[PDB]
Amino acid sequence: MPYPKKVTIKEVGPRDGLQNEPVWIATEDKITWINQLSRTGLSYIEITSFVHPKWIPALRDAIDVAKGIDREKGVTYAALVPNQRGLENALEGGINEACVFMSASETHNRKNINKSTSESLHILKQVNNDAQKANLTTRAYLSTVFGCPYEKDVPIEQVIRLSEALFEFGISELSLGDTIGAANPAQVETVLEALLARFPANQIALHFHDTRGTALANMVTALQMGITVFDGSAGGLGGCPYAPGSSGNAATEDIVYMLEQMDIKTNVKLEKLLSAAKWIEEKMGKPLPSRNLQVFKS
């Protein structure tokens, strides 16, 4: 019933945020910004993605940035890993944790990484095995769990099914996401109700997109169900490809702020975060959706 005392939030701006922005950030600047983040209080940061540069030109400097960051203690630096070939590069970059990914929706999956849910499942399976065998912590990113942009509705049995497989492989955390951004507190409650009744809440994270501005709202419902892991993007970087001109993931600072007022520890020094958000915003030459960032700019 009572809200948790501490909740760990994971920053994914330098990755999910930058690869979703139609602007190229100088390879150096990325480092400079990630450095700020490192000494912000956050304990987890997806510095980049090791997907072939052809598909993610905005992050073609993955290997370079992975070796440029300051890398602070107590901080878990992670990177998206598409497959073994990618895990290889990630290993050279020094990434602590590898995050595999796939879609719950067949249509979305096949039309994103071009592979059936089974095929992908098989990939991650071994991609996870080799990762751990290299003394690397793994994390899974199951997308389109709250609805698909193509299939629209997504059955709960699918999520459960996949989720069982993912956990069976040996992953450490399954991050469920709201790709299209059409989840409501009611949906997140029935969904987490069916999931939490089979997997440990400690091993489940949530990645909400407030394309409809319901992220924080969904977060509260989740906080009530027991989830204590939430993904965020500094400044709210990253637009929704399904709906251009609209915000993507929830602004990390907005998440950190509200949690603080609720007397929930995040160990994140908001002040610093806010300063960091403003930085990229300036390098972006475009205003970020973050509400507290605006307040910060007084």
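Heads up: residue numbers just count along the shown sequence, starting at 1.
When the C-alpha B-factors of 184-192 and 117-125 are averaged, 117-125 comes out higher. As recorded in the PDB entry, 272-280 is the stretch of 272-280 and 10-18 with the greater mean C-alpha temperature factor. If you compare the C-alpha temperature factors of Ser49, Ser246, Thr32, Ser233 in the entry, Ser246 comes out highest. Residue set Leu42, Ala250, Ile69, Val229: peak C-alpha B-factor at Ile69 (per PDB entry). Ranked by Cα temperature factor within the chain, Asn135 sits in the highest third according to the deposited record. When the CA B factors of the chain's modelled residues are split into thirds, the value for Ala62 lands in the lowest one. Remark: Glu157 belongs to the highest third of its chain, ranked by C-alpha B-factor as recorded. Split the chain's modelled residues into thirds by C-alpha temperature factor. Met225 is in the middle one. Compared with the other modelled residues of the chain, the Cα B-factor recorded for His209 ranks in the middle third.
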